[PDB]
file input.txt (compact mmCIF, C-alpha atoms and all ligand atoms)
# COMPACT_ATOMS: atom_id res chain seq x y z
CA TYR A 1 62.35 47.91 59.49
CA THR A 2 63.86 47.65 63.01
CA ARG A 3 67.01 45.42 62.79
CA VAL A 4 70.47 46.89 62.34
CA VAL A 5 73.63 45.16 61.06
CA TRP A 6 76.86 46.67 62.41
CA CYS A 7 80.12 46.24 60.54
CA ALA A 8 83.00 45.25 62.81
CA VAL A 9 86.58 45.66 61.64
CA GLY A 10 88.70 42.72 62.72
CA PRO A 11 88.35 39.88 65.27
CA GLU A 12 88.33 41.97 68.43
CA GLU A 13 85.55 44.31 67.33
CA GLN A 14 83.84 41.24 65.98
CA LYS A 15 83.86 39.82 69.50
CA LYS A 16 82.59 43.03 71.12
CA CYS A 17 79.86 43.22 68.50
CA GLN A 18 78.73 39.61 68.97
CA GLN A 19 78.41 40.45 72.70
CA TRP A 20 76.34 43.60 72.06
CA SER A 21 74.19 41.57 69.66
CA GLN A 22 73.28 39.11 72.41
CA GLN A 23 72.47 41.78 74.98
CA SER A 24 70.18 43.42 72.42
CA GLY A 25 68.11 40.33 71.62
CA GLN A 26 69.41 40.64 68.06
CA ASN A 27 68.15 44.16 67.52
CA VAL A 28 71.65 44.52 66.16
CA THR A 29 73.67 41.86 64.40
CA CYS A 30 77.22 41.68 63.12
CA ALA A 31 79.04 41.56 59.82
CA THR A 32 82.84 41.45 59.89
CA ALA A 33 85.67 42.51 57.59
CA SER A 34 89.47 42.90 57.75
CA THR A 35 89.62 46.59 56.90
CA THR A 36 87.51 49.71 57.16
CA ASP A 37 87.40 49.96 53.37
CA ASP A 38 85.89 46.52 53.14
CA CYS A 39 83.34 47.38 55.77
CA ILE A 40 82.48 50.41 53.64
CA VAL A 41 81.95 48.15 50.62
CA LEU A 42 79.66 45.88 52.65
CA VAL A 43 77.45 48.85 53.62
CA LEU A 44 77.25 49.91 49.96
CA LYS A 45 76.31 46.38 48.92
CA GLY A 46 73.61 46.64 51.54
CA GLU A 47 75.06 43.62 53.32
CA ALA A 48 75.73 45.78 56.50
CA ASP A 49 74.02 48.97 57.81
CA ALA A 50 76.49 51.16 59.71
CA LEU A 51 79.82 51.65 61.51
CA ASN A 52 81.59 54.50 63.35
CA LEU A 53 84.32 56.18 61.26
CA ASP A 54 87.29 58.49 61.81
CA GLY A 55 86.92 61.58 59.63
CA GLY A 56 89.45 60.37 57.07
CA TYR A 57 87.28 57.38 56.29
CA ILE A 58 84.10 59.49 56.27
CA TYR A 59 85.64 61.25 53.29
CA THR A 60 86.12 57.96 51.38
CA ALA A 61 82.65 56.88 52.49
CA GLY A 62 81.06 60.15 51.40
CA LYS A 63 82.24 60.03 47.79
CA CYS A 64 80.37 56.75 47.63
CA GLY A 65 77.18 58.24 48.96
CA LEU A 66 77.28 57.17 52.62
CA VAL A 67 76.07 59.80 55.06
CA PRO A 68 77.02 60.83 58.59
CA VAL A 69 74.20 59.88 61.00
CA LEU A 70 75.19 60.51 64.62
CA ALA A 71 78.53 61.72 66.00
CA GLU A 72 80.75 60.74 68.95
CA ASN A 73 80.73 63.25 71.80
CA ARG A 74 83.00 63.20 74.82
CA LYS A 75 82.60 66.19 77.12
CA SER A 76 83.73 69.72 77.65
CA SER A 77 83.28 71.67 80.83
CA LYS A 78 81.53 74.67 79.28
CA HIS A 79 78.60 73.02 77.43
CA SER A 80 76.77 72.15 80.63
CA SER A 81 72.93 72.07 80.72
CA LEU A 82 72.53 70.98 77.22
CA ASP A 83 72.16 67.32 76.86
CA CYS A 84 74.94 65.25 75.40
CA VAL A 85 72.63 64.04 72.63
CA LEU A 86 71.81 67.61 71.52
CA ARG A 87 75.08 69.37 72.51
CA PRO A 88 77.22 70.41 69.51
CA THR A 89 80.43 68.40 69.03
CA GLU A 90 83.85 69.95 69.50
CA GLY A 91 86.32 67.90 67.50
CA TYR A 92 89.56 66.61 68.85
CA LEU A 93 93.10 67.97 68.82
CA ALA A 94 95.57 66.29 66.48
CA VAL A 95 99.03 66.45 68.05
CA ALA A 96 102.56 65.11 67.50
CA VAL A 97 104.13 63.54 70.59
CA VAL A 98 107.77 62.80 71.43
CA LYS A 99 109.72 61.44 74.39
CA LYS A 100 111.02 64.26 76.58
CA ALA A 101 114.43 62.53 76.80
CA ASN A 102 114.71 62.85 73.01
CA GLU A 103 116.12 66.32 73.69
CA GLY A 104 116.40 68.60 70.67
CA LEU A 105 113.77 66.90 68.44
CA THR A 106 111.42 69.44 66.86
CA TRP A 107 108.89 69.66 64.06
CA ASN A 108 111.73 70.91 61.84
CA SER A 109 114.16 68.08 62.50
CA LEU A 110 111.64 65.38 61.71
CA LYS A 111 113.18 64.25 58.43
CA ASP A 112 114.70 60.77 58.64
CA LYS A 113 113.25 60.11 62.07
CA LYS A 114 111.06 57.14 63.01
CA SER A 115 107.26 57.63 63.09
CA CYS A 116 104.13 55.98 64.47
CA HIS A 117 100.80 56.54 62.68
CA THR A 118 97.30 55.47 63.65
CA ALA A 119 96.76 54.07 60.14
CA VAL A 120 96.85 55.36 56.58
CA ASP A 121 93.96 57.67 55.53
CA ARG A 122 93.06 58.63 59.09
CA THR A 123 92.84 62.22 60.30
CA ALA A 124 95.34 62.55 63.18
CA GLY A 125 97.57 59.66 62.21
CA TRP A 126 97.92 60.39 58.53
CA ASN A 127 96.03 63.10 56.62
CA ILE A 128 96.86 65.97 58.92
CA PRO A 129 100.58 65.31 59.48
CA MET A 130 101.41 64.13 55.93
CA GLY A 131 99.34 66.94 54.52
CA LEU A 132 101.60 69.44 56.24
CA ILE A 133 104.72 67.53 55.25
CA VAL A 134 103.90 67.36 51.52
CA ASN A 135 103.13 70.93 51.92
CA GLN A 136 106.19 71.99 53.64
CA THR A 137 108.56 69.90 51.50
CA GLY A 138 107.01 70.65 48.11
CA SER A 139 107.32 66.92 47.50
CA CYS A 140 104.72 64.18 47.03
CA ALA A 141 107.35 61.65 48.08
CA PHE A 142 106.02 61.18 51.63
CA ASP A 143 107.23 57.58 51.49
CA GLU A 144 110.81 58.85 51.76
CA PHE A 145 110.43 61.40 54.58
CA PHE A 146 110.87 59.05 57.51
CA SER A 147 113.55 56.42 57.58
CA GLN A 148 111.04 54.00 59.12
CA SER A 149 107.37 53.92 60.12
CA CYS A 150 104.43 51.84 61.24
CA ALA A 151 101.58 53.17 59.13
CA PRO A 152 98.93 50.42 59.16
CA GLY A 153 97.54 50.15 55.66
CA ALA A 154 100.73 50.70 53.65
CA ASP A 155 102.60 48.10 51.60
CA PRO A 156 103.69 45.40 54.07
CA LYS A 157 107.13 45.49 52.38
CA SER A 158 107.76 49.23 52.45
CA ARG A 159 109.58 51.24 55.11
CA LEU A 160 106.20 52.67 56.07
CA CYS A 161 105.38 49.29 57.67
CA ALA A 162 108.90 48.53 58.91
CA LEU A 163 108.10 49.38 62.52
CA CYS A 164 104.81 47.42 62.66
CA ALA A 165 104.61 44.15 64.65
CA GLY A 166 101.51 42.17 63.66
CA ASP A 167 99.67 39.98 66.18
CA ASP A 168 100.71 37.68 69.06
CA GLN A 169 102.57 35.56 66.51
CA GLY A 170 103.99 37.95 63.94
CA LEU A 171 101.13 37.44 61.49
CA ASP A 172 99.12 40.29 59.96
CA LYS A 173 101.99 42.80 60.00
CA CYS A 174 100.68 46.29 59.15
CA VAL A 175 96.98 45.43 58.81
CA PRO A 176 94.65 48.32 59.52
CA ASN A 177 92.79 46.63 62.31
CA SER A 178 93.55 45.93 65.97
CA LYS A 179 95.37 42.67 65.27
CA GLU A 180 98.33 44.93 64.49
CA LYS A 181 100.05 45.76 67.76
CA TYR A 182 100.50 49.43 66.73
CA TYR A 183 97.15 50.13 65.10
CA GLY A 184 95.01 53.13 65.98
CA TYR A 185 95.41 55.91 68.52
CA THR A 186 96.51 53.37 71.16
CA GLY A 187 98.86 51.22 69.04
CA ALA A 188 100.56 54.33 67.73
CA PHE A 189 101.27 55.89 71.15
CA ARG A 190 102.46 52.45 72.23
CA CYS A 191 104.90 52.39 69.31
CA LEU A 192 106.44 55.57 70.80
CA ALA A 193 106.17 54.58 74.48
CA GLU A 194 108.29 51.49 73.81
CA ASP A 195 110.58 53.81 71.83
CA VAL A 196 110.00 51.87 68.65
CA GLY A 197 109.49 55.28 67.08
CA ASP A 198 110.59 58.87 67.75
CA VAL A 199 107.20 60.45 67.13
CA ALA A 200 103.55 59.39 67.18
CA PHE A 201 100.70 61.15 65.42
CA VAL A 202 97.63 60.78 67.57
CA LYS A 203 95.21 63.05 69.37
CA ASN A 204 95.73 64.73 72.52
CA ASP A 205 93.18 62.59 74.56
CA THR A 206 95.46 59.56 73.96
CA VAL A 207 98.41 60.82 76.05
CA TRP A 208 96.19 61.54 79.05
CA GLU A 209 94.36 58.24 78.91
CA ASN A 210 97.50 56.07 78.71
CA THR A 211 99.72 57.87 81.20
CA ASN A 212 99.86 58.43 84.96
CA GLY A 213 97.97 55.29 85.99
CA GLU A 214 95.00 55.69 83.62
CA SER A 215 95.67 52.70 81.35
CA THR A 216 96.28 49.55 83.44
CA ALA A 217 97.82 47.92 80.36
CA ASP A 218 101.29 46.51 81.07
CA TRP A 219 103.05 48.83 78.58
CA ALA A 220 101.33 51.98 79.88
CA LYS A 221 101.68 51.01 83.58
CA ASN A 222 104.68 53.22 84.34
CA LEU A 223 104.17 56.00 81.81
CA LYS A 224 104.26 59.52 83.24
CA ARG A 225 102.92 62.65 81.51
CA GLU A 226 106.01 64.76 82.20
CA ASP A 227 108.08 62.37 80.08
CA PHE A 228 106.31 63.47 76.90
CA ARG A 229 106.26 66.66 74.83
CA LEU A 230 104.11 67.97 72.00
CA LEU A 231 105.74 69.28 68.85
CA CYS A 232 104.21 72.56 67.67
CA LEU A 233 104.36 73.91 64.16
CA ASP A 234 106.43 76.90 65.33
CA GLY A 235 109.45 74.66 65.94
CA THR A 236 108.82 74.69 69.70
CA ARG A 237 108.26 71.87 72.29
CA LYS A 238 105.49 71.95 74.90
CA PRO A 239 104.22 69.92 77.88
CA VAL A 240 101.14 67.90 77.02
CA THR A 241 99.15 70.25 79.26
CA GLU A 242 99.42 72.94 76.59
CA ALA A 243 97.64 71.21 73.66
CA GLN A 244 95.18 74.09 73.12
CA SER A 245 98.13 76.05 71.70
CA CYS A 246 100.42 73.33 70.29
CA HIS A 247 98.34 71.10 68.01
CA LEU A 248 98.49 70.43 64.31
CA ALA A 249 94.75 70.92 63.81
CA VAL A 250 91.35 70.18 65.29
CA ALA A 251 89.65 67.14 63.77
CA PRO A 252 85.98 66.33 63.25
CA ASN A 253 84.67 63.63 65.58
CA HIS A 254 84.34 60.06 64.44
CA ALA A 255 80.81 59.40 63.31
CA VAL A 256 78.45 56.59 62.48
CA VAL A 257 77.61 56.46 58.77
CA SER A 258 75.17 54.46 56.68
CA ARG A 259 73.50 54.58 53.30
CA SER A 260 71.07 57.50 53.04
CA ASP A 261 68.13 55.21 52.35
CA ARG A 262 68.98 53.58 55.69
CA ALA A 263 69.95 56.59 57.81
CA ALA A 264 66.67 57.26 59.68
CA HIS A 265 66.28 53.68 60.71
CA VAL A 266 69.89 53.42 61.75
CA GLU A 267 69.54 56.64 63.71
CA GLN A 268 66.48 55.46 65.68
CA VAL A 269 67.83 52.05 66.71
CA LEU A 270 71.04 53.68 67.83
CA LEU A 271 69.50 56.34 70.05
CA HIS A 272 67.53 53.47 71.68
CA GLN A 273 70.46 51.08 71.96
CA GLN A 274 72.44 53.97 73.46
CA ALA A 275 69.73 54.66 76.03
CA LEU A 276 70.35 51.07 77.16
CA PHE A 277 74.16 50.65 76.90
CA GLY A 278 75.64 54.15 76.89
CA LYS A 279 77.17 56.21 79.71
CA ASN A 280 74.00 56.09 81.85
CA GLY A 281 72.00 53.26 80.33
CA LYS A 282 69.45 51.04 82.08
CA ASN A 283 71.89 48.20 81.45
CA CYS A 284 75.39 49.63 81.07
CA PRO A 285 77.81 48.98 83.93
CA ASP A 286 75.79 45.95 85.18
CA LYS A 287 75.44 43.95 81.95
CA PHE A 288 76.96 45.75 78.95
CA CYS A 289 78.48 49.09 77.95
CA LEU A 290 78.75 50.10 74.30
CA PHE A 291 81.42 52.69 75.05
CA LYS A 292 83.86 50.56 77.08
CA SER A 293 86.48 48.06 75.95
CA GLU A 294 89.33 48.35 78.49
CA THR A 295 91.72 50.64 76.58
CA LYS A 296 91.10 49.51 72.97
CA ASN A 297 88.54 51.81 71.42
CA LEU A 298 86.58 48.90 69.93
CA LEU A 299 83.70 49.99 67.63
CA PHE A 300 83.73 53.30 69.50
CA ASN A 301 86.41 55.32 71.26
CA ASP A 302 86.37 54.55 74.96
CA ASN A 303 85.90 58.23 75.89
CA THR A 304 82.60 58.64 74.06
CA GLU A 305 79.97 60.13 76.43
CA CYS A 306 77.15 59.62 73.94
CA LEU A 307 76.38 59.63 70.23
CA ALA A 308 74.82 62.98 69.28
CA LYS A 309 72.27 64.23 66.70
CA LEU A 310 73.88 66.43 64.05
CA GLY A 311 71.61 69.43 63.53
CA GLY A 312 71.45 70.94 60.09
CA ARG A 313 71.21 67.43 58.62
CA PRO A 314 74.75 67.95 57.23
CA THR A 315 76.18 66.35 54.14
CA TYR A 316 79.61 64.84 54.65
CA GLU A 317 81.45 67.91 53.33
CA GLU A 318 79.38 70.03 55.65
CA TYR A 319 80.30 67.59 58.44
CA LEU A 320 84.01 67.51 57.67
CA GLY A 321 84.18 71.25 56.92
CA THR A 322 85.70 72.81 53.79
CA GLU A 323 88.97 73.32 55.68
CA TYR A 324 89.52 69.59 56.10
CA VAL A 325 87.89 68.55 52.83
CA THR A 326 90.54 70.57 51.03
CA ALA A 327 93.40 69.23 53.16
CA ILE A 328 92.45 65.69 52.09
CA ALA A 329 91.93 66.72 48.48
CA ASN A 330 95.39 68.25 48.15
CA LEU A 331 97.08 65.26 49.77
CA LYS A 332 95.13 62.79 47.61
CA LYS A 333 96.59 64.41 44.50
CA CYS A 334 99.91 62.80 45.36
CA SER A 335 98.61 59.21 45.35
CA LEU A 336 89.26 64.30 40.26
CA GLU A 337 86.20 62.88 42.06
CA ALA A 338 84.43 59.55 42.34
CA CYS A 339 83.51 56.63 44.56
CA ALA A 340 86.91 54.96 44.78
CA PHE A 341 85.60 51.37 44.42
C1 LIG A 401 99.27 72.47 52.86
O1 LIG A 401 99.49 73.51 51.84
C2 LIG A 401 98.36 73.72 51.05
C3 LIG A 401 98.72 74.80 49.95
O2 LIG A 401 98.65 76.15 50.44
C4 LIG A 401 97.29 74.09 51.98
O3 LIG A 401 96.26 74.44 51.16
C5 LIG A 401 95.02 75.11 50.86
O4 LIG A 401 94.43 75.35 52.12
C6 LIG A 401 93.94 76.67 52.27
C7 LIG A 401 93.55 76.87 53.73
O5 LIG A 401 92.64 75.86 54.14
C8 LIG A 401 92.78 76.88 51.30
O6 LIG A 401 92.19 78.16 51.41
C9 LIG A 401 93.26 76.66 49.86
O7 LIG A 401 92.15 76.62 48.99
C10 LIG A 401 94.04 75.37 49.70
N1 LIG A 401 94.75 75.41 48.44
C11 LIG A 401 94.53 74.53 47.47
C12 LIG A 401 95.35 74.69 46.21
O8 LIG A 401 93.72 73.62 47.56
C13 LIG A 401 96.92 72.85 52.82
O9 LIG A 401 95.70 73.03 53.51
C14 LIG A 401 98.05 72.79 53.78
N2 LIG A 401 97.89 71.70 54.71
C15 LIG A 401 97.28 71.89 55.87
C16 LIG A 401 97.30 70.70 56.80
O10 LIG A 401 96.71 72.94 56.19
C1 LIG A 402 93.90 66.05 75.66
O1 LIG A 402 93.55 64.66 75.80
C2 LIG A 402 93.18 64.29 77.16
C3 LIG A 402 92.73 62.79 77.29
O2 LIG A 402 91.83 62.42 76.25
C4 LIG A 402 92.07 65.18 77.65
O3 LIG A 402 92.14 65.08 79.06
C5 LIG A 402 91.08 65.51 79.93
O4 LIG A 402 90.33 66.72 79.87
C6 LIG A 402 88.95 66.50 80.20
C7 LIG A 402 88.24 67.81 79.85
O5 LIG A 402 88.89 68.53 78.79
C8 LIG A 402 88.84 66.09 81.69
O6 LIG A 402 87.51 65.66 81.98
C9 LIG A 402 89.88 64.95 82.06
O7 LIG A 402 90.12 64.97 83.46
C10 LIG A 402 91.25 65.09 81.38
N1 LIG A 402 91.94 63.82 81.37
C11 LIG A 402 92.97 63.55 82.18
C12 LIG A 402 93.44 62.10 82.22
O8 LIG A 402 93.53 64.39 82.87
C13 LIG A 402 92.30 66.65 77.39
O9 LIG A 402 91.08 67.35 77.44
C14 LIG A 402 92.86 66.95 76.10
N2 LIG A 402 93.44 68.26 76.16
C15 LIG A 402 93.35 69.01 75.07
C16 LIG A 402 94.01 70.37 75.12
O10 LIG A 402 92.74 68.65 74.06
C1 LIG A 403 64.64 44.93 70.66
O1 LIG A 403 63.93 45.89 69.85
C2 LIG A 403 62.53 45.94 70.14
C3 LIG A 403 61.89 46.86 69.15
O2 LIG A 403 62.13 48.21 69.49
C4 LIG A 403 62.35 46.48 71.55
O3 LIG A 403 60.98 46.61 71.85
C5 LIG A 403 63.00 45.51 72.52
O4 LIG A 403 62.91 46.05 73.84
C6 LIG A 403 64.48 45.27 72.16
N1 LIG A 403 64.98 44.19 72.98
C7 LIG A 403 66.19 44.24 73.52
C8 LIG A 403 66.57 43.07 74.42
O5 LIG A 403 67.00 45.16 73.33
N1 LIG A 404 78.29 69.90 59.70
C1 LIG A 404 77.66 71.11 59.80
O1 LIG A 404 76.89 71.49 58.89
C2 LIG A 404 77.89 71.99 61.00
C3 LIG A 404 77.25 73.27 61.14
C4 LIG A 404 77.51 74.05 62.28
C5 LIG A 404 78.38 73.57 63.27
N2 LIG A 404 78.98 72.35 63.13
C6 LIG A 404 78.77 71.57 62.04
FE FE A 405 90.55 59.95 64.38
ZN ZN A 406 94.00 75.31 65.94
ZN ZN A 407 73.77 71.67 55.04
call {"tool": "encode", "arguments": {"input": "input.txt", "output": "structure tokens"}}
result
Amino acid sequence: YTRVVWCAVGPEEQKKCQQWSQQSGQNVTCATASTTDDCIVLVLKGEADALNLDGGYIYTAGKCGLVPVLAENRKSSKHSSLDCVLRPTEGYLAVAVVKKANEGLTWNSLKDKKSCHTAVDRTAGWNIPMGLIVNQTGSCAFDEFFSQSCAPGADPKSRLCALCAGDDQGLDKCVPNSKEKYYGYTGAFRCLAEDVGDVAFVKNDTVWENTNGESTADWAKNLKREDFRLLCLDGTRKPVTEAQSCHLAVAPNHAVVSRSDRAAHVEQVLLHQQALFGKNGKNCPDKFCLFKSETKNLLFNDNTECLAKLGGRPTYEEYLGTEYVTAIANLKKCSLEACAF
């Protein structure tokens, strides 16, 4: 049944997809939508086959019967012989970052400050930090905790979208796709780097990849690691070198999902496609690389080493872990079980 339709979210992923489609001789084609939720609906309709999702969206996707297929895998020193494709995944660290110069700003003096989020419903940018905040404050009124935010996905007219910028021209303010200047892990850290916000909720890989000459992008050009700090839950402030001990939680890797009746087929074309355009593919650097997009994390995060088999053909709760499934459940009570479409 060898022909896979990828769902791209927004015009930039649409363009990267169209490119990949060409280089594959149409073994993969593209469908496009404005939001991740819409791409999820397309897959359900059967109009698209798969897409890579942050854990927060896997949860939405799972209640509707979509299943995790292969997971993103970057690389950790001690997990060495084992192949990337068979190596277990580690999950990433969700952290809260602040400007060093913002002396005296801790996890406990966050109320009324200005925040930068990857996008509503996402693990590091939303579910983990707001989960703790509802928790800590005993209030479901998370829309009144920060004076202002850029939380792609919220009501364009609420304070939660006040700090968002939209595209080149001011259009699409607060859309949960890359047209929004402060969308995703990158847009969010940018929102803080330009001091639009006091804190950004991203993952720890983001600070390292957009500081000390790693980014090339004009806004990240002069960023230095020592000018940032991580906020720990114990009210303390640490250098970004100490994330192992100052994170809010460890998140499950983004993963490709698809309808169960389509999973095997999706899995097979991907392992092949990967063999050709992944980290060491026949054709990567020279013609095309699935995992690169010059600091934008288009379709896939730019630090993905390979997509890996899951082992224990896990359901989505098994993939997310009970720990995280319950964090999302408790937070979702504020805004009991069904495909939400
Ligand atoms: C926010 O507070 C809630 C309430 O204690 C935390 O909740 C529960 O999480 C623990 C540990 O994972 C579970 O054993 C309980 O079953 C959960 N309680 C309920 C009523 O569901 C919640 O996880 C905290 N937020 C974070 C980010 O950890
Ligand atoms: C925090 O995020 C950064 C960037 O994504 C990670 O940085 C690298 O660590 C890997 C191995 O862990 C090395 O191969 C790279 O050299 C590091 N990057 C840079 C630019 O120095 C880092 O692993 C993460 N740290 C934690 C605690 O999660
Ligand atoms: C497309 O898929 C077919 C079927 O597996 C494969 O034989 C062929 O090499 C692929 N072509 C390209 C250009 O990827
Ligand atoms: N998703 C799972 O079932 C699982 C099992 C063991 C380790 N990691 C993930
Ligand atoms: Fe994420
Ligand atoms: Zn931990
Ligand atoms: Zn299982």
call {"tool": "residues_near_point", "arguments": {"input": "input.txt", "point": "(81.8, 55.8, 57.9)", "cutoff": "12 Å", "atoms": "all atoms listed in the file", "output": "tab-separated table (two decimals) with C-alpha atoms, in the frame of the given file"}}
result
chain	number	residue	atom	x	y	z
A	6	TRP	CA	76.86	46.67	62.41
A	7	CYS	CA	80.12	46.24	60.54
A	8	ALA	CA	83.00	45.25	62.81
A	9	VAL	CA	86.58	45.66	61.64
A	36	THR	CA	87.51	49.71	57.16
A	37	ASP	CA	87.40	49.96	53.37
A	38	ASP	CA	85.89	46.52	53.14
A	39	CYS	CA	83.34	47.38	55.77
A	40	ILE	CA	82.48	50.41	53.64
A	41	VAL	CA	81.95	48.15	50.62
A	42	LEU	CA	79.66	45.88	52.65
A	43	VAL	CA	77.45	48.85	53.62
A	44	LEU	CA	77.25	49.91	49.96
A	48	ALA	CA	75.73	45.78	56.50
A	49	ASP	CA	74.02	48.97	57.81
A	50	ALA	CA	76.49	51.16	59.71
A	51	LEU	CA	79.82	51.65	61.51
A	52	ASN	CA	81.59	54.50	63.35
A	53	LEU	CA	84.32	56.18	61.26
A	54	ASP	CA	87.29	58.49	61.81
A	55	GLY	CA	86.92	61.58	59.63
A	56	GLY	CA	89.45	60.37	57.07
A	57	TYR	CA	87.28	57.38	56.29
A	58	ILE	CA	84.10	59.49	56.27
A	59	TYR	CA	85.64	61.25	53.29
A	60	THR	CA	86.12	57.96	51.38
A	61	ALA	CA	82.65	56.88	52.49
A	62	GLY	CA	81.06	60.15	51.40
A	63	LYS	CA	82.24	60.03	47.79
A	64	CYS	CA	80.37	56.75	47.63
A	65	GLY	CA	77.18	58.24	48.96
A	66	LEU	CA	77.28	57.17	52.62
A	67	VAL	CA	76.07	59.80	55.06
A	68	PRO	CA	77.02	60.83	58.59
A	69	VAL	CA	74.20	59.88	61.00
A	70	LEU	CA	75.19	60.51	64.62
A	71	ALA	CA	78.53	61.72	66.00
A	122	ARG	CA	93.06	58.63	59.09
A	253	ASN	CA	84.67	63.63	65.58
A	254	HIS	CA	84.34	60.06	64.44
A	255	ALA	CA	80.81	59.40	63.31
A	256	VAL	CA	78.45	56.59	62.48
A	257	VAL	CA	77.61	56.46	58.77
A	258	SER	CA	75.17	54.46	56.68
A	259	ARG	CA	73.50	54.58	53.30
A	260	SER	CA	71.07	57.50	53.04
A	263	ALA	CA	69.95	56.59	57.81
A	299	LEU	CA	83.70	49.99	67.63
A	316	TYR	CA	79.61	64.84	54.65
A	319	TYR	CA	80.30	67.59	58.44
A	320	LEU	CA	84.01	67.51	57.67
call {"tool": "closest_atom_pairs", "arguments": {"input": "input.txt", "of": "chain A", "to": "ligand LIG 404 (chain A)", "cutoff": "10 Å", "atoms": "only C-alpha atoms and all ligand atoms", "output": "Markdown table"}}
result
| residue | atom | partner | partner_atom | distance |
| --- | --- | --- | --- | --- |
| A:68 | CA | A:LIG404 | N1 | 9.2 |
| A:88 | CA | A:LIG404 | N2 | 6.9 |
| A:89 | CA | A:LIG404 | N2 | 7.2 |
| A:90 | CA | A:LIG404 | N2 | 8.4 |
| A:91 | CA | A:LIG404 | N2 | 9.6 |
| A:252 | CA | A:LIG404 | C6 | 9.0 |
| A:310 | CA | A:LIG404 | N1 | 7.1 |
| A:311 | CA | A:LIG404 | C3 | 7.2 |
| A:312 | CA | A:LIG404 | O1 | 5.6 |
| A:313 | CA | A:LIG404 | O1 | 7.0 |
| A:314 | CA | A:LIG404 | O1 | 4.5 |
| A:315 | CA | A:LIG404 | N1 | 6.9 |
| A:316 | CA | A:LIG404 | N1 | 7.3 |
| A:317 | CA | A:LIG404 | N1 | 7.4 |
| A:318 | CA | A:LIG404 | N1 | 4.2 |
| A:319 | CA | A:LIG404 | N1 | 3.3 |
| A:320 | CA | A:LIG404 | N1 | 6.5 |
| A:321 | CA | A:LIG404 | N1 | 6.7 |
| A:322 | CA | A:LIG404 | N1 | 9.9 |
call {"tool": "residues_near_ligand", "arguments": {"input": "input.txt", "ligand": "ligand LIG 402 (chain A)", "cutoff": "7 Å", "atoms": "only C-alpha atoms and all ligand atoms", "output": "compact mmCIF listing (two decimals) with C-alpha atoms, keeping the file's coordinate frame"}}
result
# COMPACT_ATOMS: atom_id res chain seq x y z
CA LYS A 75 82.60 66.19 77.12
CA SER A 76 83.73 69.72 77.65
CA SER A 77 83.28 71.67 80.83
CA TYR A 92 89.56 66.61 68.85
CA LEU A 93 93.10 67.97 68.82
CA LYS A 203 95.21 63.05 69.37
CA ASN A 204 95.73 64.73 72.52
CA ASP A 205 93.18 62.59 74.56
CA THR A 206 95.46 59.56 73.96
CA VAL A 207 98.41 60.82 76.05
CA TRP A 208 96.19 61.54 79.05
CA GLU A 209 94.36 58.24 78.91
CA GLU A 214 95.00 55.69 83.62
CA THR A 241 99.15 70.25 79.26
CA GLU A 242 99.42 72.94 76.59
CA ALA A 243 97.64 71.21 73.66
CA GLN A 244 95.18 74.09 73.12
call {"tool": "axis_aligned_box", "arguments": {"input": "input.txt", "around": "ligand LIG 401 (chain A)", "padding_each_side": "6 Å", "output": "lines of an AutoDock Vina configuration file"}}
result
center_x = 95.8
center_y = 74.4
center_z = 51.5
size_x = 19.3
size_y = 19.5
size_z = 22.6
call {"tool": "closest_atom_pairs", "arguments": {"input": "input.txt", "of": "chain A", "to": "ligand LIG 401 (chain A)", "cutoff": "6 Å", "atoms": "only C-alpha atoms and all ligand atoms", "output": "CSV"}}
result
residue,atom,partner,partner_atom,distance
A:128,CA,A:LIG401,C16,5.2
A:131,CA,A:LIG401,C16,4.8
A:132,CA,A:LIG401,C16,4.5
A:135,CA,A:LIG401,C1,4.3
A:323,CA,A:LIG401,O5,4.7
A:326,CA,A:LIG401,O8,5.6
A:327,CA,A:LIG401,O9,4.5
A:330,CA,A:LIG401,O8,5.7
call {"tool": "residues_around", "arguments": {"input": "input.txt", "residues": "residue 221 of chain A", "least_positions_apart": "6", "cutoff": "8 Å", "atoms": "all atoms listed in the file", "output": "list in words"}}
result
residues 211, 212, 213 and 215 of chain A
call {"tool": "residues_around", "arguments": {"input": "input.txt", "residues": "residue 274 of chain A", "least_positions_apart": "4", "cutoff": "9 Å", "atoms": "all atoms listed in the file", "output": "PyMOL selection string"}}
result
chain A and resi 269-270+278-281+289-290+306-307
call {"tool": "atom_distance", "arguments": {"input": "input.txt", "atom1": "atom CA of residue 127 of chain A", "atom2": "atom CA of residue 97 of chain A"}}
result
16.2 Å
call {"tool": "residues_near_ligand", "arguments": {"input": "input.txt", "ligand": "ligand ZN 406 (chain A)", "cutoff": "10 Å", "atoms": "all atoms listed in the file", "output": "list in words"}}
result
residues 93, 94, 243, 244, 245, 246, 247, 248, 249, 250 and 251 of chain A
call {"tool": "atom_distance", "arguments": {"input": "input.txt", "atom1": "atom CA of residue 159 of chain A", "atom2": "atom CA of residue 139 of chain A"}}
result
17.6 Å
call {"tool": "residues_near_ligand", "arguments": {"input": "input.txt", "ligand": "ligand LIG 403 (chain A)", "cutoff": "12 Å", "atoms": "only C-alpha atoms and all ligand atoms", "output": "PyMOL selection string"}}
result
chain A and resi 1-4+20-29+265+268-277+281-283+287-288
call {"tool": "atom_distance", "arguments": {"input": "input.txt", "atom1": "atom CA of residue 296 of chain A", "atom2": "atom CA of residue 115 of chain A"}}
result
20.6 Å
call {"tool": "residues_around", "arguments": {"input": "input.txt", "residues": "residue 74 of chain A", "least_positions_apart": "5", "cutoff": "8 Å", "atoms": "all atoms listed in the file", "output": "PyMOL selection string"}}
result
chain A and resi 303-306
